[PDB]
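There is one chain below, alone, in structure tokens, taken in the form solved without the ligand.
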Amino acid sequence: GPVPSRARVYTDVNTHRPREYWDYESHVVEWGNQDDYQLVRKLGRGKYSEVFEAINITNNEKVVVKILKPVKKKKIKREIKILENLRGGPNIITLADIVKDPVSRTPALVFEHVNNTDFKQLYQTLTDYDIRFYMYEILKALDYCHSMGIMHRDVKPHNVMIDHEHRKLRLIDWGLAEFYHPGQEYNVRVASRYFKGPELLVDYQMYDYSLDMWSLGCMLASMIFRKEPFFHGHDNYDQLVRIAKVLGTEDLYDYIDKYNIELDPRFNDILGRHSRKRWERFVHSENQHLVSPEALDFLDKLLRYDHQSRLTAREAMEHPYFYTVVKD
């Protein structure tokens, strides 16, 4: 069978927390007053929820309300418990309230509001300095949640809310997040296709916080090279082929051989043989102002097949790429 794996950091955080910290199935939800919140505008819909701009009429402040679609009670409790555990942490979206929606007959999560700009428009304008700054802000959120025993598992541009006017960033959508427990096997049907780590694509279930670092590297690659998404697969099999055309097939085989993993035999006709590429190949006259030797080395250290070889969030914050970012 497969060789087991452990996180190289924050391995035992949940073991030594009180059980109530991670035992979300036992969590008792504290409900607020549903009439405190008046819906104003629908912002989006998905398979799991609908999201609205709203007003909190006890302070006349904007909030965001996520009205959950019917899903299993443990997954609702998991997201609620994670949001409560992380509340107040650096750049973590604040859960302000939880109320029972009378129409949906489901919980509605009330969040602080971010006056954000759309990433499809924001990424057109961010400077080299902007990208370094906001990457550092994301890392603060990821090191925090990892240090608190939680992996996000859905890092992608859509889940990073940026108020560019105030240089404010929030990591949102903790609905796929999980508590890390050493030796636990997790569902690989997490993250969006373009941000799925190799561990998910080869069906290796004993993964950890380092999944979020692959996803972050995918975001970084798309920003500095001006190609969004960077690894643009047509499905989950082609996604791994796209990765292998950049990182090469020999190191993919080294990865699965290390963990005594077999590829799906359907890769026999589609994977091919590919050398590992040098990152300079993706530099051109229209992105070179976003690229530096520091950026390429940082990217190279995030995008590793072996989840055990990727930079941790704290290690990433030590990288020379961030030396030019003004510290607070």
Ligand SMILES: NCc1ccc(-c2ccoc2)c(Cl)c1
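The first residue of the sequence shown is number 1, and the count goes up from there.
Keep in mind that the form deposited with the ligand bound is not shown, yet the notes after this line are about it.
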| query | finding |
| --- | --- |
| Check all three, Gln34, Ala108 and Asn116, heavy atom within 4.5 Å of the ligand in the deposited complex | yes |
| The ligand contact at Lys140 in the deposited complex, heavy atom, 4.5 Å | no |
| Contact of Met223 with the ligand in the deposited complex (heavy atom, 4.5 Å) | yes |
| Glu84, heavy atom within 4.5 angstroms of the ligand in the deposited complex | no |
| Contact test in the deposited complex: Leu303 vs the ligand, heavy atoms, 4.5 Å | no |
| Heavy atom within 4.5 Å of the ligand in the deposited complex - residue from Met148, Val246, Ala96, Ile131 | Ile131 |
